[PDB]
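> In the deposited numbering, the protein residues as written are -2 to 157, 168 to 309, 317 to 384.
Structure below; questions to follow.
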Ligand SMILES: CCCC[C@H](NC[C@@H]1Cc2cccc(c2)CCCCc2cc(cc(N(CCC)S(C)(=O)=O)c2)C(=O)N1)C(=O)NCC(C)C
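Below you can see the structure in the form of structure tokens.
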């Protein structure tokens, strides 16, 4: 059923995960970025120094022009283009063809990455955050409307240059995870917004007002590399991580992700870096669950060299690839919930392991929403 979709994701570290798609008639093959942090489907449609290939509207009999412009700004990079529609397929996905909105990228700034091997982006979030407005139906909505594909998809992102993973469209693949799935409500259908109710570092509560954790918002974004935290939360976390690792001293700019830390190969002191536990709101009253991430996740490999992959945000908490790696993440749009489970490619060391645990009791969870 879903075995055809296992391992359909490829990528380079820090440069996102992409799936193979085809657009137009006859089909044009492109590598498309998988992004739960946006809602626009767009592809390079003009020559660019970093593009191996691009979408040629002229060669598609099925292309239709919508005669409207569009731009999308991301935390990293931005592009503008022309709106249109065409037939789209996913070779290593469901056996269907849909007519979907496509943005033909004609100009861009720091969007395409030299050597990334992808030429477009697939925004998997909801219409509310689509550009220019919410009348531009996102791809997955079109897929569900035009076909019998269930309103659900799941992402298994695996870590270590080259990375891989699975995007299971229309269901859940049980051979890809162990233990139970734990679900947190989608608070509002715009980004995939959730609510963090508690934070622990090495078993110690950060003891901040839980509103700070979701200050503005908290989202699940496969398009973002880092765990991005609101300033106050970032400072609290960094202070604690500095304290646990204090046995060693690191250039101050390491903590800002500006310069690397290097250790002799096989000598990396993982044990001085703490585990981080994020408690998410559960499905029943006063009930949370926690996901625990290891330093191997937020110390992204770049002698063995690493970059601190926890950074500041002015748009709320962004749970990026460092969080999603090692877990099987289910985007259950039909039941307005996001599931977490330990992935089959989960990260662990000799004494510590990434985990999804519950149930936990957490009082006044509704107070944590901004
Ligand atoms: C409200 C938050 C929304 C986040 C959301 N992020 C998704 C985008 C998609 C996207 C765009 C370009 C390239 C990639 C992927 C490939 C990987 C590059 C590394 C990276 C990416 C992001 C972001 C980073 N970082 C920060 C800036 C460099 S980092 C280093 O991981 O902290 C790195 C980021 O914002 N990817 C967004 O911009 N949505 C658009 C909006 C109009 C709906």
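Ideal Cβ positions, reconstructed from N, Cα and C, are used throughout, including at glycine.
In chain order, which beta strand (DSSP E) runs of at least 3 residues are fully inside the segment 199 to 283?
203 to 208, 225 to 227, 234 to 237 and 268 to 270, all fully within the segment 199 to 283.
> Per DSSP, what kind of secondary structure is residue 326 in: helix, strand or coil?
Strand, per DSSP.
> Express the C-alpha separation of residue 331 and residue 210 in angstroms, rounding to a whole number.
21 Å
> May I have the straight-line CA-CA distance separating residue 103 from residue 365, to the nearest angstrom?
50 Å
> Beta-carbon within less than 8 Å of residue 255's beta-carbon, same chain only, minus the 5 sequence neighbours each way: which residues are those?
276 and 279
> Quick one: which unbroken beta strand (DSSP E) runs of 3-plus residues sit fully inside the segment 320 to 380? Chain order, please.
324 to 327, 331 to 333, 341 to 346, 351 to 357 and 369 to 375
> Which parts of the segment 42 to 127 are runs of the beta strand (DSSP E), unbroken and 3 residues or longer, counting only runs that do not cross its ends?
Listed in chain order, the complete beta strand (DSSP E) runs (minimum 3 residues) inside the segment 42 to 127 are 61 to 70, 75 to 86, 94 to 106 and 117 to 120.
> Beta-carbon within less than 6 Å of residue 105's beta-carbon, same chain only, minus the 5 sequence neighbours each way: which residues are those?
76
> Looking at residue 311 and ligand 1, is the gap between the Cβ and the nearest heavy atom below 7 Å?
You won't find residue 311 in this model, because the chain goes from 309 right to 317.
> Does the beta carbon of residue 50 fall short of 7 Å from some heavy atom of ligand 1?
no
> Look at the alpha carbon of residue 251 and the alpha carbon of residue 39, and state the distance between them as a whole number of angstroms.
In a straight line, the C-alpha of residue 251 is about 43 Å away from that of residue 39.
> Can you look up residue 12 in the DSSP assignment and give me helix, strand or coil?
coil
> Looking at residue 358: is its Cβ nearer than 8 Å to the Cβ of residue 184?
yes
> Compute the Euclidean distance between the alpha carbons of residue 263 and residue 327, then round it to the nearest angstrom.
12 Å
> Thinking just about the alpha-carbon of each residue, which of 36, 84 and 82 is nearest to the one in residue 71?
36
> Assuming residue 179 contacts residue 208 under a Cβ cut-off of 8 Å, what Cβ separation, rounded to an integer in Å, is found between them?
Contact doesn't hold; Cβ gap of about 31 Å is too wide.
> Count the C-beta pairs between the segment 106 to 120 and the segment 28 to 35 that are closer than 8 Å, then say yes if the count reaches three, no if not.
yes
> Below 8 Å on the Cβ atoms is my guess for residue 193 versus residue 352; work out the distance and round it to an integer in Å.
Their Cβ separation, rounded to whole angstroms, is 6 Å, which keeps residue 193 and residue 352 in contact under 8 Å.
> When you compare only the Cα positions, how much space is there between residue 58 and residue 90?
23 Å
> Sorted by chain position, which residues of the same chain lie with C-beta nearer than 6 Å to residue 137's C-beta, five sequence neighbours on each side aside?
121
> From the DSSP output, in three-state form, read off residue 138 for me.
helix
> Indicate whether residue 144 and residue 85 have their beta-carbon atoms separated by less than 8 Å.
no
> Rounded to the nearest angstrom, what separates residue 302 and residue 285 at their Cα positions?
Straight across, the Cα-Cα distance linking residue 302 with residue 285 is about 14 Å.
> Looking at ligand 1, does it come within less than 7 Å of residue 225, judged from the CB to the closest heavy atom?
Closer than 7 Å to some heavy atom of ligand 1: that does not describe the Cβ of residue 225.
> Go ahead and pull the three-state DSSP assignment for residue 182.
helix
> According to the neighbour-count rule (16 or more other Cβ atoms, all chains shown, within 10 Å of its Cβ), is residue 6 buried or exposed?
Looking at its Cβ environment, which holds 16 or more other Cβ atoms inside 10 Å, residue 6 is buried.
> Is any heavy atom in ligand 1 found nearer than 7 Å to the beta carbon of residue 331?
no
> Can you tell me whether residue 258 is buried or exposed, with buried defined as 16 or more other CB within 10 angstroms of its CB?
exposed
> What are the boundary residues of the beta strand (DSSP E) that residue 308 is part of?
306 to 308
> Going by Cα to Cα distance, which pick from 291, 287, 306 and 304 is closest to residue 297?
287
> Does at least one heavy atom of ligand 1 sit under 7 Å from the Cβ of residue 235?
yes
> Since residue 154 contacts residue 177 with CB under 8 Å, what's their CB separation in whole angstroms?
About 18 Å separates the two Cβ atoms, so there is no contact after all.
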